[PDB]
Amino acid sequence: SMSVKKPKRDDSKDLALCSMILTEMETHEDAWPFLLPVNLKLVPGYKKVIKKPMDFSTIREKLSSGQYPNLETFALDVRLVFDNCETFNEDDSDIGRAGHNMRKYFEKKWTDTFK
């Protein structure tokens with residue numbers, strides 16, 4: 001409350017560390033469905049169904065331009081990429097499996113780096 005604070009967690013490395021995680025996600029062999037925005041002119045149904053499209057290149061640009069206020073808003077966009085994937089793709093598809101694999105990869109790096 002006013003003039004009453006928990007000890008200050010060092011967040012000075014968070015930007016660099018989120019960048020490193022995102023590089024590892026970018027170079028994973030199953031990243032290909034997520035590298036670029038889904039093409040809303042060429043993929044019937046995507047625009048209407050997926051209210052907030054997200055992809056790794058859009059996260060990279062947001063990260064590089066100071067549009068993440070904190071490390072949690074960064075995690076929320078990464079998770080949005082995988083939630084969107086599950087919304088649109090059957091589990092038994094190459095893309096569906098890719099999304100599960102990448103979400104697991106991310107959540108481990110996230111826990112090991114920050115928890």
### Task
May I ask you to order 62-75, 79-92 by the average number of other C-beta atoms within 10 Å around their residues, highest value first?
79-92, 62-75
### Query
Among the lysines, which have Cα under 19 Å from the Cα of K115 when same-chain residues fewer than 8 positions away are ignored?
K6, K8, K13, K104
### C-alpha long axis of helix 14-27 to longest principal axis of the chain, angle in °
20
### Query
Using Cα atoms only, what is the angle between the long axis of helix 71-88 and the major principal axis of the chain, expressed in degrees (0 to 90) to the nearest 10?
20
### Summary
Tilt, helix 94-114 to longest principal axis of the chain (alpha-carbon atoms), in degrees rounded to tens, equals 10
## Note on the structure
Among trypsin sites (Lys or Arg not before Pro) in segment 3-53, those in a DSSP loop whose Cβ has at most 16 other Cβ atoms within 10 Å are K5, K8, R9, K13, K41, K51
### Extension reserve of the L15-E29 stretch, reckoned as 0.36 nm per residue once the Cα distance is removed
2.6 nm
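Note: ideal-geometry Cβ built from the backbone for every residue, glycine included; neighbour counts use all protein chains shown. Laboratory data are not the source of any read-out in this text; all were calculated from the coordinates shown.
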